[PDB]
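K.L.:
final_28.cif (mmCIF, C-alpha atoms) pasted underneath:
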data_query
loop_
_atom_site.label_atom_id
_atom_site.label_comp_id
_atom_site.auth_asym_id
_atom_site.auth_seq_id
_atom_site.Cartn_x
_atom_site.Cartn_y
_atom_site.Cartn_z
CA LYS A 426 0.00 0.00 0.00
CA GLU A 427 2.94 2.36 0.63
CA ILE A 428 3.54 2.51 -3.14
CA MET A 429 -0.01 1.76 -4.33
CA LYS A 430 -1.46 4.79 -2.51
CA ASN A 431 0.99 7.12 -4.26
CA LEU A 432 0.38 5.49 -7.64
CA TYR A 433 -3.37 5.99 -7.23
CA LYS A 434 -2.84 9.55 -5.93
CA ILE A 435 -0.93 10.33 -9.13
CA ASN A 436 -3.93 9.85 -11.41
CA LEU A 437 -6.50 12.25 -9.92
CA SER A 438 -7.23 15.68 -11.37
CA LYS A 439 -4.44 18.26 -11.44
CA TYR A 440 -6.29 21.57 -11.03
CA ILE A 441 -6.57 21.36 -7.23
CA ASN A 442 -4.01 20.18 -4.66
CA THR A 443 -1.32 20.41 -7.34
CA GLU A 444 1.65 20.60 -4.96
CA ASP A 445 0.91 17.19 -3.42
CA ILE A 446 0.96 15.67 -6.91
CA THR A 447 4.47 17.07 -7.47
CA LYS A 448 5.62 15.86 -4.06
CA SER A 449 4.30 12.38 -4.89
CA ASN A 450 6.11 12.58 -8.24
CA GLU A 451 9.43 13.10 -6.49
CA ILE A 452 8.40 10.46 -3.90
CA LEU A 453 8.04 7.95 -6.73
CA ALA A 454 11.28 9.18 -8.30
CA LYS A 455 13.21 8.29 -5.12
CA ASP A 456 13.55 4.79 -3.61
CA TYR A 457 11.56 3.10 -6.39
CA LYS A 458 13.45 3.94 -9.65
CA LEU A 459 10.05 4.58 -11.23
CA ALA A 460 11.17 7.92 -12.73
CA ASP A 461 11.40 6.21 -16.14
CA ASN A 462 7.77 5.04 -15.89
CA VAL A 463 5.44 6.27 -18.61
CA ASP A 464 2.59 7.16 -16.24
CA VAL A 465 4.83 9.41 -14.14
CA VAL A 466 5.66 11.19 -17.40
CA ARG A 467 1.94 11.46 -18.21
CA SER A 468 1.31 13.02 -14.80
CA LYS A 469 4.12 15.56 -15.28
CA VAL A 470 2.94 16.42 -18.82
CA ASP A 471 -0.59 17.04 -17.58
CA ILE A 472 0.82 19.13 -14.71
CA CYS A 473 2.77 21.30 -17.16
CA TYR A 474 -0.34 21.50 -19.36
CA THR A 475 -2.44 22.83 -16.48
CA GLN A 476 -0.08 25.81 -16.04
CA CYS A 477 0.28 26.14 -19.85
CA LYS A 478 4.02 25.28 -19.75
CA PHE A 479 3.86 24.17 -23.36
CA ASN A 480 7.62 24.19 -24.05
CA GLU A 481 8.28 21.84 -21.13
CA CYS A 482 5.33 19.81 -22.41
CA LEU A 483 6.97 19.42 -25.81
CA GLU A 484 10.41 18.54 -24.50
CA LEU A 485 9.28 15.89 -22.00
CA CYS A 486 6.67 14.41 -24.33
CA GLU A 487 9.21 14.24 -27.16
CA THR A 488 11.51 12.36 -24.78
CA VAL A 489 8.76 9.89 -23.92
CA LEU A 490 7.34 9.61 -27.46
CA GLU A 491 10.70 8.56 -28.92
CA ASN A 492 10.43 5.36 -26.88
CA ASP A 493 6.74 4.85 -27.77
CA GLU A 494 5.00 7.10 -30.30
CA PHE A 495 1.40 5.79 -30.08
CA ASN A 496 0.49 5.91 -26.37
CA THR A 497 -3.11 7.17 -26.65
CA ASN A 498 -3.02 8.54 -23.11
CA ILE A 499 0.05 10.63 -23.96
CA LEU A 500 -0.95 11.86 -27.42
CA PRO A 501 -3.78 14.37 -26.67
CA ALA A 502 -1.50 16.50 -24.50
CA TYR A 503 1.19 16.38 -27.19
CA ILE A 504 -1.24 17.45 -29.92
CA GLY A 505 -2.52 20.30 -27.75
CA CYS A 506 1.02 21.49 -27.03
CA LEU A 507 1.95 21.24 -30.73
CA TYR A 508 -1.07 23.34 -31.68
CA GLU A 509 -0.13 25.88 -29.01
CA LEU A 510 3.42 26.21 -30.36
CA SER A 511 1.90 26.40 -33.88
CA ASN A 512 4.27 24.09 -35.75
CA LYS A 513 2.77 22.17 -38.66
CA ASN A 514 5.52 19.80 -39.85
CA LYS A 515 5.76 17.70 -36.68
CA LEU A 516 1.98 17.60 -36.32
CA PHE A 517 1.66 16.60 -40.00
CA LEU A 518 4.16 13.76 -39.68
CA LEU A 519 2.61 12.40 -36.48
CA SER A 520 -0.95 12.73 -37.79
CA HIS A 521 -0.19 11.03 -41.10
CA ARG A 522 1.60 8.16 -39.35
CA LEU A 523 -1.23 7.75 -36.84
CA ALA A 524 -3.77 7.77 -39.69
CA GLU A 525 -2.08 4.76 -41.29
CA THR A 526 -1.49 3.11 -37.90
CA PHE A 527 -4.91 3.35 -36.18
CA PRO A 528 -7.52 4.14 -38.87
CA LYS A 529 -10.54 3.46 -36.63
CA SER A 530 -9.41 5.51 -33.63
CA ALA A 531 -10.88 8.98 -33.13
CA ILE A 532 -7.52 10.37 -31.97
CA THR A 533 -5.97 10.24 -35.45
CA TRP A 534 -8.88 12.06 -37.10
CA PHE A 535 -8.81 14.61 -34.30
CA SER A 536 -5.11 15.04 -35.11
CA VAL A 537 -5.86 15.55 -38.81
CA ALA A 538 -8.42 18.21 -37.89
CA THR A 539 -5.86 19.90 -35.62
CA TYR A 540 -3.35 19.92 -38.48
CA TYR A 541 -5.89 21.65 -40.71
CA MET A 542 -6.55 24.14 -37.89
CA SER A 543 -2.84 24.88 -37.73
CA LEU A 544 -3.26 25.45 -41.49
CA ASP A 545 -6.48 27.51 -40.93
CA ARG A 546 -8.54 25.31 -43.34
CA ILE A 547 -11.80 25.44 -41.39
CA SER A 548 -13.89 23.57 -43.98
CA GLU A 549 -11.98 20.29 -43.80
CA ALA A 550 -11.65 20.49 -40.01
CA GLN A 551 -15.44 20.63 -39.84
CA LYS A 552 -15.77 17.14 -41.31
CA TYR A 553 -12.64 15.74 -39.67
CA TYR A 554 -13.77 16.87 -36.22
CA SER A 555 -17.28 15.55 -36.85
CA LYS A 556 -15.80 12.14 -37.68
CA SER A 557 -13.70 12.10 -34.50
CA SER A 558 -16.68 13.19 -32.37
CA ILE A 559 -18.88 10.47 -33.89
CA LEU A 560 -16.18 7.83 -33.32
CA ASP A 561 -15.83 8.66 -29.58
CA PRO A 562 -18.68 10.18 -27.55
CA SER A 563 -16.36 10.67 -24.57
CA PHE A 564 -13.81 12.84 -26.41
CA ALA A 565 -14.48 16.47 -25.24
CA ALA A 566 -11.64 17.71 -27.42
CA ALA A 567 -13.76 16.87 -30.47
CA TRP A 568 -16.70 19.01 -29.30
CA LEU A 569 -14.53 21.97 -28.42
CA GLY A 570 -12.63 21.73 -31.71
CA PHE A 571 -15.90 21.30 -33.62
CA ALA A 572 -17.39 24.42 -32.05
CA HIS A 573 -14.08 26.21 -32.68
CA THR A 574 -14.36 25.31 -36.36
CA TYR A 575 -17.84 26.81 -36.44
CA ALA A 576 -16.61 29.92 -34.60
CA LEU A 577 -13.59 30.47 -36.87
CA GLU A 578 -15.63 29.61 -39.98
CA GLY A 579 -17.80 32.72 -39.62
CA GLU A 580 -21.11 31.45 -38.26
CA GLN A 581 -21.70 31.21 -34.51
CA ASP A 582 -25.33 30.10 -34.12
CA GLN A 583 -24.43 26.43 -34.60
CA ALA A 584 -21.27 26.86 -32.51
CA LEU A 585 -23.50 28.02 -29.65
CA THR A 586 -25.39 24.73 -29.59
CA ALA A 587 -22.12 22.88 -30.09
CA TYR A 588 -20.46 24.44 -27.03
CA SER A 589 -23.65 24.01 -24.99
CA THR A 590 -23.81 20.33 -26.00
CA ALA A 591 -20.15 19.88 -25.07
CA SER A 592 -20.87 21.41 -21.67
CA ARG A 593 -23.89 19.17 -21.05
CA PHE A 594 -22.19 15.87 -21.88
CA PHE A 595 -19.26 16.60 -19.52
CA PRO A 596 -20.43 18.27 -16.29
CA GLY A 597 -17.59 19.58 -14.14
CA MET A 598 -15.14 20.60 -16.88
CA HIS A 599 -14.72 24.37 -16.93
CA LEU A 600 -13.08 24.82 -20.32
CA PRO A 601 -16.11 24.18 -22.61
CA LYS A 602 -18.06 26.69 -20.51
CA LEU A 603 -15.20 29.19 -20.81
CA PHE A 604 -15.15 28.79 -24.59
CA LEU A 605 -18.94 29.21 -24.64
CA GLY A 606 -18.56 32.43 -22.65
CA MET A 607 -16.07 33.70 -25.21
CA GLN A 608 -18.64 32.97 -27.90
CA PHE A 609 -21.16 35.01 -25.88
CA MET A 610 -18.54 37.76 -25.94
CA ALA A 611 -18.38 37.37 -29.72
CA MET A 612 -22.18 37.77 -29.83
CA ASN A 613 -22.17 40.74 -27.39
CA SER A 614 -24.37 38.86 -24.87
CA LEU A 615 -22.48 39.57 -21.65
CA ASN A 616 -25.22 38.81 -19.09
CA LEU A 617 -24.84 35.03 -19.37
CA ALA A 618 -21.09 35.44 -19.90
CA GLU A 619 -20.72 36.95 -16.41
CA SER A 620 -22.12 33.85 -14.70
CA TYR A 621 -20.37 31.47 -17.09
CA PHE A 622 -16.99 33.16 -16.57
CA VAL A 623 -17.54 33.10 -12.80
CA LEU A 624 -18.32 29.37 -12.85
CA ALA A 625 -15.24 28.67 -14.97
CA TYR A 626 -13.06 30.81 -12.66
CA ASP A 627 -14.42 28.98 -9.60
CA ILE A 628 -11.90 26.18 -10.26
CA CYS A 629 -9.26 27.99 -12.37
CA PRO A 630 -7.88 30.86 -10.26
CA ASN A 631 -4.56 31.16 -12.16
CA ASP A 632 -4.55 30.72 -15.94
CA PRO A 633 -4.11 33.27 -18.75
CA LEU A 634 -7.36 32.60 -20.61
CA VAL A 635 -9.76 33.07 -17.69
CA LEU A 636 -8.18 36.33 -16.47
CA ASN A 637 -7.82 37.68 -20.01
CA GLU A 638 -11.50 36.99 -20.69
CA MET B 1 -7.25 20.00 -25.87
CA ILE B 2 -7.87 22.64 -28.57
CA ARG B 3 -7.39 25.96 -26.77
CA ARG B 4 -9.39 28.75 -28.39
CA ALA B 5 -7.49 31.63 -29.93
CA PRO B 6 -8.13 34.47 -27.45
CA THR B 7 -10.28 37.34 -28.67
CA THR B 8 -8.41 40.52 -29.59
CA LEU B 9 -9.67 44.07 -29.11
CA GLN B 10 -10.05 46.13 -32.27
CA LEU B 11 -9.46 49.85 -32.78
CA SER B 12 -12.93 51.02 -33.76
CA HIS B 13 -13.60 53.69 -36.35
CA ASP B 14 -15.83 55.75 -34.04
CA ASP B 15 -13.28 56.53 -31.32
CA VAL B 16 -10.57 57.43 -33.83
CA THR B 17 -13.04 59.75 -35.58
CA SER B 18 -13.82 61.32 -32.20
CA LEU B 19 -10.11 61.87 -31.55
CA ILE B 20 -9.44 63.30 -35.02
CA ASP B 21 -12.36 65.70 -34.56
CA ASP B 22 -11.08 66.76 -31.14
CA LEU B 23 -7.70 67.43 -32.75
CA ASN B 24 -9.37 69.60 -35.39
CA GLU B 25 -10.97 71.84 -32.77
CA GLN B 26 -7.68 71.65 -30.84
CA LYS B 27 -5.76 73.21 -33.73
CA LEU B 28 -8.67 75.57 -34.39
CA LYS B 29 -8.33 76.84 -30.81
CA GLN B 30 -5.08 78.80 -31.10
CA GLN B 31 -5.38 79.90 -34.74
CA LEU B 32 -7.80 82.61 -33.60
CA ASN B 33 -5.62 83.15 -30.52
CA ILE B 34 -2.63 83.82 -32.78
CA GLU B 35 -4.72 86.33 -34.74
#
Could you rewrite the structure in this file as structure tokens?

P.N.:
Amino acid sequence: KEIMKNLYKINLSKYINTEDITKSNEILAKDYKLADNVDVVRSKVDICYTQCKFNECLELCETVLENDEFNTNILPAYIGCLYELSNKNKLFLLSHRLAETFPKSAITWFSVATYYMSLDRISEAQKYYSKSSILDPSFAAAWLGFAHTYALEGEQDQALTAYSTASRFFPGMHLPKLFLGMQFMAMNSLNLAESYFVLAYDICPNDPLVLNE
Amino acid sequence: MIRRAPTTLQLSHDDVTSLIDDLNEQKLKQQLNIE
């Protein structure tokens, strides 16, 4: 139990009680030579992702991906960090390899849509996010990307229902509500945006997007 | 996850027209004073 408790404690959510997660990470690193473990790396990548440390995300995830390039737990954070750094060649290579590796997974089609978004081709991302969303109902990234494709396309009425639908399927995740509030900003409807921004900020006290909005 | 591109404020036409007008009366102020 001395090691099992820490291993279980690793996998909970990172937004709250973050410091204990780090302390447990170093606890695992000492006396158990489990620093090379993949799941410790996943925990650190998600930790860096929470504070938007995208460069540290890329370096560590490139170190872990060289050993294994198709760990579906690892990949979503890597795709997000690639899209944040806005580099298209690495995303293109990874997405095209994953497309020919796992054709029936939603992650690869989500990656193709992200590549098109890095290329600003909203029309193809529409279909290639719809496919990923259909393939996996529990893939919140697909709903947020889908509503983003509506928003960047030019029309927002359908994106409104898309962000609302994303919020309803996944209660307790602030980010779809935050994106929906930004769409309310885009439509100049601030009354609902006040409450929505407050609810999102209830669990995200320190992040650039919430404070900027 | 796909982070949204943050919204960016835009320099409207109305406020810049207001400022350019204010500058026109600003220069018009001392031209009669000089005379």

K.L.:
Mind running chain B against chain A at 8 Å and telling me each contacting residue's nearest atom pair with the distance in Å (one decimal), counting all atoms listed in the file, chain and number ascending, as a Markdown table?

P.N.:
| residue | atom | partner | partner_atom | distance |
| --- | --- | --- | --- | --- |
| B:1 | CA | A:505 | CA | 5.1 |
| B:2 | CA | A:570 | CA | 5.8 |
| B:3 | CA | A:505 | CA | 7.5 |
| B:4 | CA | A:573 | CA | 6.8 |
| B:6 | CA | A:634 | CA | 7.1 |
| B:7 | CA | A:607 | CA | 7.7 |

K.L.:
Contacts of stretch 526-534 of chain A at 9 Å or less, counting only C-alpha atoms, minus same-chain residues fewer than 5 places along, as a PyMOL selection string?

P.N.:
chain A and resi 495+497+500-501+519-521+539+553-554+556-561+564+567

K.L.:
Quick one: which residues end up in the PyMOL selection byres ((chain A and resi 625) around 7) for this structure, as a PyMOL selection string?

P.N.:
chain A and resi 599-600+602-603+621-624+626-629

K.L.:
Which value, in Å to one decimal, gives the distance between atom CA of residue A:475 and atom CA of residue A:594?

P.N.:
21.6 Å

K.L.:
Write out as a PyMOL selection string the residues lying within 12 Å of residue A:466, counting all atoms listed in the file and excluding same-chain residues fewer than 2 positions away.

P.N.:
chain A and resi 435-436+447+450-451+453-454+459-464+468-473+481-490+496+498-499+502-503

K.L.:
Calculate, to one decimal in Å, the centre and edge lengths of the box along x, y and z of the file that holds all listed atoms of stretch 556-570 of chain A with 6 Å of margin on each side, and present them as AutoDock Vina command-line options.

P.N.:
--center_x -15.3 --center_y 14.9 --center_z -31.1 --size_x 19.2 --size_y 26.1 --size_z 25.1

K.L.:
May I have the residues within 10 Å of residue A:428 as a PyMOL selection string, using only C-alpha atoms and disregarding those fewer than 5 positions away in the same chain?

P.N.:
chain A and resi 433-434+452-453+457

K.L.:
For residue A:513, find every residue with an atom within 9 Å (counting all atoms listed in the file), except residues of its own chain fewer than 6 positions away, and show them as a list in words.

P.N.:
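The residues satisfying every condition are residues 507, 540, 541, 543 and 544 of chain A.
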
K.L.:
Please measure the separation of atom CA of residue A:555 and atom CA of residue A:510, giving the value in Å to one decimal.

P.N.:
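Answer for the atom CA of residue A:555 to atom CA of residue A:510 separation: 24.2 Å.
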
K.L.:
For the point (-25.5, 28.6, -29.6) in the file's frame, write as a count of residues only all residues with an atom no more than 12 Å away, counting only C-alpha atoms.

P.N.:
26

K.L.:
How many Å separate atom CA of residue A:494 from atom CA of residue A:518?

P.N.:
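Atom-to-atom, atom CA of residue A:494 to atom CA of residue A:518, that is 11.5 Å.
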